[PDB]
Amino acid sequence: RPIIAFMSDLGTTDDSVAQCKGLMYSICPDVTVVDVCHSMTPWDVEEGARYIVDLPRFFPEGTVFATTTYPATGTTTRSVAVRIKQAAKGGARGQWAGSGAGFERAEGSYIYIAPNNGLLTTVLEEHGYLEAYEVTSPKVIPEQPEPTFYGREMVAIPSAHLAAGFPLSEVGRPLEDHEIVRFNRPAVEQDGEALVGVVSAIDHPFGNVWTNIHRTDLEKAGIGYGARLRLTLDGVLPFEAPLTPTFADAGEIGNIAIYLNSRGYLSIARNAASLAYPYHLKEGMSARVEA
């Protein structure tokens, strides 16, 4: 019945993740552990945030997201555990996921547990929350935690207790909003009639280029499907294509497609060929779009 969806910076080249899973099954025998991914750049909370923010609408209600990169491991820091508000629609269009008209998710139906280091910034921003607690109770964490392995001690373990029905409000004291650490998200800037952002990610394993320019930013400027766009990357690359729903709309294999990715963001690719890999395009390069 209960699900823990687990996202960490632990990698998959040793037994580290398996140690966390052993403890999850120990504490909540009937649990199903779903790997989110374990491949994020260590300590890059903005990147980790990207792998967890879009999750809730896909999962059954009552799912617990155990999400961690813990560079402050072994310090007096304690994890935060939050019940989110809106499961939140998503995608290029903003919809429920699933067959038919999709699976509508109730509010207050998902818990995230993470270091209190900004990792949940965009989860809180995009979903809101109903309650948040500091994770301190020796009922849900070790009395003597391993200094270097707080993702296990302070996330995996308590997540399993939560999955098992340990009451959220009993993990430790309520946290005020200002006590929840946030990172600052770079805003999309208007520059004349151009929108100015960045490449937010290279979409592996395809080598598509994702930007932080959202559907809603495009709406502000009236850019809908069909608009001929100039999208300039790294300052010197004035790509030109219409905004289309998908890759194949570019026609011939190799042709430039400018589209909305499954996360709702303006993106650029080649049709059934890699854009980013041959030219070594990178996250953090500038991205400007104009009609």
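Residue indices: 1-based, along the sequence shown.
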When mean C-alpha B-factors in the record are compared for 75 to 83 and 215 to 223, the larger belongs to 215 to 223
Segment of higher mean CA temperature factor, 186 to 194 or 206 to 214:
186 to 194
Chain third (lowest, middle, highest) by recorded CA B-factor, residue given as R270
middle
Among modelled residues of the same chain, the CA temperature factor third for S26
lowest
Per the entry's values, where does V36 land by CA temperature factor relative to the rest of its chain, in the lowest, middle or highest third?
middle
Just say lowest, middle or highest third for the CA B-factor of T63 relative to the other modelled residues in its chain.
lowest
Sorting the chain's CA B-factors, does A97 end up in the lowest, middle or highest third?
middle
